[PDB]
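As a basis for the values below, the full set of heavy atoms in this structure was taken, side chains included, without hydrogen atoms, waters or symmetry mates. We count ligands from 1, going down the list as the structure has it; atoms in each ligand are counted the same way. Residue numbers begin at 1 in each chain, while the letters A, B, ... track the order of the sequences.
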Amino acid sequence: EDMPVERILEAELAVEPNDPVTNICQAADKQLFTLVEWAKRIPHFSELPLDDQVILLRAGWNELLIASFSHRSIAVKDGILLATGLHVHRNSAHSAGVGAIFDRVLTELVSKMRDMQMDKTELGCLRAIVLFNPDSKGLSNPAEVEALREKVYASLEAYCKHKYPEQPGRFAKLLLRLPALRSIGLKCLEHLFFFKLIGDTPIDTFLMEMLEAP
Amino acid sequence: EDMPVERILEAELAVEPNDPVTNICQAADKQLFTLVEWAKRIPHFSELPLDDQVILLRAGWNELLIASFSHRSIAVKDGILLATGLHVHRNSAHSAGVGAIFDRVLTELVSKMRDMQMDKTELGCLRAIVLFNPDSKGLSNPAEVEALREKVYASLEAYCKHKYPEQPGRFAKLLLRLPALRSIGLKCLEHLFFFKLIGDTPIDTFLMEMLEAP
Amino acid sequence: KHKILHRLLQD
Amino acid sequence: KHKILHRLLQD
Ligand SMILES: CC(=C/C=C/C(C)=C/C(=O)O)/C=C1\CCCc2c(C)cccc21
Ligand SMILES: CC(=C/C=C/C(C)=C/C(=O)O)/C=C1\CCCc2c(C)cccc21
């Protein structure tokens with residue numbers, strides 16, 4: 001009852017116009033700052049208590065960033081476009097020892113988004129649904145977060161069916177990429193903790209903070 | 001165009017009327033046999049090539065079993081009911097060193113299913129969607145699997161809205177427990193591999209086979 | 001491989 | 001804890 005897809009699309013358009021791993025980590029740190037600005041532009045997020053805003057972002061940052069560069073990469077051959085303007089080719093990822101997870105991103109996310117021509121409004125809404133994760137531990141008022149999530153998917157469904165009336169299964173198709181996003185995000189986190197453990201690979205301050213306990 | 005929720009409900013009704021970890025693993029092995037019978041009763045599954053039937057089950061067995069005992073446990077205070085007729089209380093899980101994952105099952109799955117009164121038809125459909133996972137690696141014809149998944153969620157949506165017209169967001173709410181199911185299933189797998197590594201905890205033949213590589 | 005699963009699916 | 005995130009959210 002107050003979650004316009006126009007404000008969500010606006011949030012998306014407002015924040016976005018040699019070792020591939022090192023480049024990926026640098027891009028991630030860069031985008032973490034941008035992610036906070038994005039969240040603030042999502043309706044009602046800023047009205048939640050600071051502690052819950054922190055919880056939601058710490059809980060969803062990895063999936064939020066993955067969804068974003070994956071959609072940005074729909075126009076890329078076999079690779080991804082980093083927010084830094086750098087492209088990471090599949091062969092480069094493979095030659096760096098991270099080909100398996102890279103291939104999952106290309107196959108389960110990028111290719112699927114390109115195939116259904118997921119638009120920016122839809123991406124923004126899926127990210128907003130991820131942001132408003134009621135399962136996040138520590139939330140002072142999980143019911144409030146759940147309420148916001150419901151408002152987002154209610155608006156997204158309305159958007160679909162009205163924009164794509166001929167694709168009745170589109171709304172479900174969008175939501176069904178979330179389990180893949182959750183799995184891939186978890187794997188990417190594992191890689192990050194390993195990079196941090198090994199010592200090699202520079203990890204900037206905001207990215208490092210997100211890897212902080214809990 | 002040939003995925004009746006009645007056949008799915010039938011499949012569900014047809015297969016179901018001291019260390020808690022050991023009991024949980026024994027229940028899982030037991031249910032793996034039952035899972036194969038369930039799958040065969042899901043429309044069109046048996047018509048897929050044997051190699052793909054194997055792939056889909058090896059890829060989704062853990063989430064499929066978790067969804068099942070979680071729904072079975074909606075009537076339990078603070079714990080779960082195993083297919084063996086044994087109950088695992090939260091305190092028991094905690095005292096065995098597996099309280100964290102146990103609590104996630106209770107909070108993210110059981111409690112949520114109880115809160116929305118998820119019915120057996122809905123459970124069956126969600127499990128069928130999980131079964132028909134087009135992202136499964138090795139599939140000879142992923143498009144065919146994707147087609148079946150679409151038919152399942154198309155029928156589920158129809159079921160909802162018709163059975164629960166007053167809850168327009170129910171269909172989305174059901175699909176949105178899948179990311180939680182995916183995360184919890186992955187964690188449970190990790191625990192199983194550790195139990196297998198440590199040596200303690202008897203692991204039966206079918207469960208052991210599922211832990212086989214890949 | 002996967003002896004058990006194949007057998008149960010075939011039967 | 002989480003110095004950076006809090007600062008960016010507050011500003
Ligand atoms: C967590 C994450 C964030 C990505 C941020 C980026 C690259 C944002 C952007 O450029 O828009 C993705 C990672 C973390 C490091 C490991 C990794 C690999 C090996 C492949 C793909 C993604 C990721
Ligand atoms: C993978 C799995 C299967 C469960 C099967 C059961 C218990 C089926 C049933 O009883 O219906 C769940 C596990 C595996 C071992 C670790 C585990 C823990 C520690 C808690 C909850 C579930 C599980």
What residue and atom, counting heavy atoms only, is the protein's closest point to [atom], and at what distance?
{"atom": "atom 3 (C) of ligand 1", "value": "A:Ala28 CB, 3.7 Å"}
{"atom": "atom 10 (O) of ligand 1", "value": "A:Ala83 N, 2.9 Å"}
{"atom": "atom 16 (C) of ligand 2", "value": "B:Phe195 CE1, 3.9 Å"}
{"atom": "atom 13 (C) of ligand 1", "value": "A:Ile24 CG2, 3.8 Å"}
{"atom": "atom 20 (C) of ligand 1", "value": "A:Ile101 CG2, 4.0 Å"}
{"atom": "atom 6 (C) of ligand 1", "value": "A:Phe69 CD2, 3.6 Å"}
{"atom": "atom 2 (C) of ligand 1", "value": "A:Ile66 CG1, 4.4 Å"}

| Just going by heavy-atom distances, which of A:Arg72, A:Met210, A:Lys187, A:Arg104 is nearest to atom 11 (O) of ligand 1? | A:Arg72

| Which part of A:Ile80 is near ligand 1, with near meaning a heavy atom under 4.0 Å away: side chain, backbone, both or neither? | neither

| said: Here's a test for you: under side chain to side chain contact (heavy atoms under 4.5 Å, CB included), which of A:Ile66, A:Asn62, A:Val98 qualifies with A:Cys188? | reply: A:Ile66

| said: Looking at A:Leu64, is its backbone amide N or carbonyl O close enough to the side chain of A:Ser68 to form a donor-acceptor pair, meaning the two atoms are under 3.5 Å apart? | reply: yes

| Is B:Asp29 reaching over with its side chain to a backbone N or O of B:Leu207, donor-acceptor style, under 3.5 angstrom? | yes

| task | Check the surroundings of atom NZ in B:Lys137: do more than 12 heavy atoms from other residues, nucleotides or ligands lie under 6.0 Å from it? | result | yes

| So with a 6.0 Å cut-off around CZ of B:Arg114, is the heavy-atom count from everything else above 12? | yes

| field | Geometric class of the B:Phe195/B:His191 ring pair [parallel <30°, tilted 30-60°, perpendicular >60°] | value | tilted

| Do the non-hydrogen side-chain atoms of A:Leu131 and A:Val152 ever get within less than 4.5 Å of each other? | no

| said: Is any side-chain heavy atom of B:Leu32 closer than 4.5 Å to one of B:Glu209? | reply: no

| message | Suppose I only count heavy atoms of B:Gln31 and a 4.0 Å limit; which atoms of ligand 2 are within that range? | response | 8 (C), 9 (C), 11 (O)

| request: For B:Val98, counting its heavy atoms only, list the atoms of ligand 2 lying under 4.0 Å from any of them. | output: 19 (C)

| message | With a heavy-atom distance limit of 4.0 Å, tell me whether B:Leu82 approaches ligand 2 through its side chain, its backbone, both, or neither. | response | both

| note | Note: B:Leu192, heavy atoms under 4.0 Å from ligand 2, region reported as side chain

| request: Using distance alone, with no hydrogens and no angle criterion, decide if A:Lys77 and A:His89 have a side-chain donor and acceptor under 3.5 Å apart. | output: yes

| request: Just jot down the ligand 1 atoms closer than 4.0 angstrom to any heavy atom of A:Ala27, in number order. | output: 7 (C), 10 (O)

